[PDB]
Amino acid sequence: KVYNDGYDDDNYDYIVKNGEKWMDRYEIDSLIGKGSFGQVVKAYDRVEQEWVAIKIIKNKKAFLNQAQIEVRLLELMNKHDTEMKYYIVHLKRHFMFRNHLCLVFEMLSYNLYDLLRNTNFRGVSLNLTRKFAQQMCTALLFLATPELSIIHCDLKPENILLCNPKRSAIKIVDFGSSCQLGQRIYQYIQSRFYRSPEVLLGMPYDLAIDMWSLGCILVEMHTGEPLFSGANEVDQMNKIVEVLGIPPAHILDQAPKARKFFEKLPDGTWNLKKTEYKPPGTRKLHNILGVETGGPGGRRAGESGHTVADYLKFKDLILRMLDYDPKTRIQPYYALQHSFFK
């Protein structure tokens, strides 16, 4: 009949009314997004005299409890970053309002998908992609700090926010799917497009899955299209193999879900099960990026900082981020020292 004295709906979400005053402090403007966790809203903080995003968690135990884990990690990240210089959206404060847990963040304006949509999915330049890459590798180095050891677990374009148009800077948002390095409790994780092979294979995993996600994102930021746009896990694996070839046998012999995508011949090699696809590793990244052919779809022909030399450095890096072996895949510190960033 009514939910939470009328303040809530079916899904335990707070019904947001335009121009409502909570606590003589926050002035609600408009809803900016919806998710499984609850809602996000654009508000004006009267005390600090600034705009904020407020994450209104659902009035439901499971969602409260999940968001309390998120709070715990965000405040652990504040302890290790008082200067706010590692390109992370930071928790300002949290509070209870009409039985909802609300997390207050600084308000950014657009996500990286918006940026892409504004290019009509043709991409931004390599000079913009460089800057964003350095900042993301900085963010991951920080996450990999031994006391934090945090896996974001859902790096995709909507979880990367643009600071502001003349500042040319990005930040990582939404640590609600995040956890610290540990014994494996979860298996169906990451967004499919950016899901790593260790995850698709049901193998152990660590902070290197986030670097796989970043390999994909950076190719997408310069091409405008996702690198591996799988319709399901089988099709995702197949798209990965098209570019990078069959994974190594030492890996596939260990992998508990190997037989979902591959099969073991009598000689002991692994090959693709049949489900349309190019043969293993013949869709080269060299050619997707258009290293010698004037960038993606010829659009970077004649533009400064888009030479063969420049493109090879970017390629080289991406290839190190898309290593099949999580042990040898490039870590954040070695990524920062790459010649792509000179």
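All residue numbers are counted from 1 along the displayed sequence. Under this definition, the rigid core comprises the largest set of C-alpha atoms superposing within 1.5 Å between the forms.
Here 248 to 256 and 81 to 89 are scored by the root mean square distance of their C-alpha atoms in 9 other deposited structures of this protein, with each structure fitted by the rigid core; the higher score goes to 81 to 89. Of the two segments 161 to 169 and 224 to 232, the one whose CA positions lie farther from the displayed form in 9 other deposited structures of this protein, once all are superposed on the rigid core, is 161 to 169. Unmodelled residues of the deposited sequence between residue 275 and residue 276: 4 to 9. Look at the mean CA B-factor for 297 to 305 and for 280 to 288 in the entry; the higher one is 297 to 305.
Per the PDB record, of the two stretches 165 to 173 and 223 to 231, 165 to 173 carries the greater mean B-factor over its C-alpha atoms. Looking only at 138, 213, 129, 183, the residue with the top Cα B factor in the deposited structure is 183. Among 236, 190, 118, 145, the highest C-alpha B-factor recorded in the PDB entry belongs to 118. Ranked by Cα temperature factor within the chain, residue 218 sits in the lowest third according to the deposited record. In the deposited entry, the Cα temperature factor of residue 108 places it in the highest third of its chain's modelled residues. Among the modelled residues of the chain, residue 317 sits in the lowest third by CA temperature factor in this PDB entry.
Sort the chain's modelled residues by C-alpha temperature factor and residue 204 lands in the middle third, per the entry. In the deposited entry, the Cα temperature factor of residue 196 sits in the bottom third of values across the chain's modelled residues.
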